[PDB]
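Report on one structure; see the data block that follows.
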Amino acid sequence: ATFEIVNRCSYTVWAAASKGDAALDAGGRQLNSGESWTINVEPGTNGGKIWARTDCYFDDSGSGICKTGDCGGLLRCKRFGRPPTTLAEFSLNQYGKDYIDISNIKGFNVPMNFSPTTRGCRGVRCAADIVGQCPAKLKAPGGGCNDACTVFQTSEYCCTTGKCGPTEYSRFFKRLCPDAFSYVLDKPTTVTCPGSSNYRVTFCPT
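Using the authors' numbering, you'd call the opening residue of the sequence shown number 1 and step up by one each time.
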């Protein structure tokens, strides 16, 4: 499957793509404002994620640091990124269908649209100014808006037992972005797409 990753932000981002135990395609790349990078994701990829990283520095070997979404200091991510990270999440060719969503469960750094480029389903978007409106206690000094699990490490926020409810913090993310997951047990906003659809992830869509 192809994923065109487009940076419409006025700032550079370093796109990242991983399924947690491996890179997807090269795993990461710099995207200056306006640039597009198309990756190939293997059919059947389960639990893939794409995200933006901000304020990165990498040496000539591709090792360094980012302020949001850092994946073990690598340009080419093999693992998931450090919160806060707005997440485009997908599982492809699962019993004939693809499943996509956006999640704020690991916080929010950059606004995102995640849409099919092929027929048969809708896209999802979280493009509100979550960083600007972020509750004071969730603001990450390194940049972005942390989720409450990251900040407070409670069973309730982290849904450790599989028994959590919505919270004042989750409701903030949900108010700003109704069509993204705000906590683990949120009413799903996953979209079913035809199996083997292709996609575009746009940072700063609006």
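Beta carbons: idealized from backbone N, C-alpha and C, even for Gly.
First through last residue of the alpha helix (DSSP H) which encompasses residue i
{"i": "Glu168", "result": "168-176"}
{"i": "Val13", "result": "Where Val13 is concerned, there is no enclosing alpha helix (DSSP H), although the beta strand (DSSP E) it sits in stretches over 13-18."}
{"i": "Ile130", "result": "130-133"}
{"i": "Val151", "result": "148-152"}
{"i": "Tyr157", "result": "155-158"}
Chain D within 8 angstroms of residue i, Cβ atoms only
{"i": "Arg79", "result": "Looking for chain D here will not work: only one protein chain is present."}
Anticipated Cβ contact below 8 angstroms, residue i with residue j, distance rounded
{"i": "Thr68", "j": "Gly142", "result": "7 angstroms"}
{"i": "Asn7", "j": "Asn32", "result": "7 angstroms"}
{"i": "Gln30", "j": "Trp51", "result": "Wrong, their Cβ atoms sit about 14 angstroms apart, outside the cutoff."}
{"i": "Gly48", "j": "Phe90", "result": "5 angstroms"}
{"i": "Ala140", "j": "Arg76", "result": "That belief does not hold up - the Cβ atoms of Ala140 and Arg76 are roughly 24 angstroms apart, past 8 angstroms."}
{"i": "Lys174", "j": "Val151", "result": "Wrong, their Cβ atoms sit about 17 angstroms apart, outside the cutoff."}
{"i": "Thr161", "j": "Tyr183", "result": "Not really, about 13 angstroms apart at Cβ, beyond 8 angstroms."}
Beta-carbon gap between residue i and residue j smaller than 8 angstroms
{"i": "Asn104", "j": "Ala180", "result": "yes"}
{"i": "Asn113", "j": "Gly44", "result": "no"}
{"i": "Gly34", "j": "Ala16", "result": "no"}
{"i": "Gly73", "j": "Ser197", "result": "no"}
{"i": "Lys97", "j": "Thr192", "result": "yes"}
{"i": "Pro111", "j": "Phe203", "result": "yes"}
{"i": "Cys158", "j": "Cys149", "result": "yes"}
{"i": "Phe58", "j": "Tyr199", "result": "no"}
{"i": "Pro84", "j": "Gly107", "result": "yes"}
Bridge partners - residue i, DSSP secondary structure assignment
{"i": "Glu4", "result": "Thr38, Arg200"}
{"i": "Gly48", "result": "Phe90"}
{"i": "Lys139", "result": "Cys145"}
{"i": "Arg53", "result": "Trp14"}
N- and C-terminal bounds of the beta strand (DSSP E) containing residue i
{"i": "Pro194", "result": "191-194"}
{"i": "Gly28", "result": "23-31"}
{"i": "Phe114", "result": "112-116"}
{"i": "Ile102", "result": "97-103"}
{"i": "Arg82", "result": "Careful: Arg82 lies outside any beta strand (DSSP E) and carries neither H nor E."}
{"i": "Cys126", "result": "124-126"}
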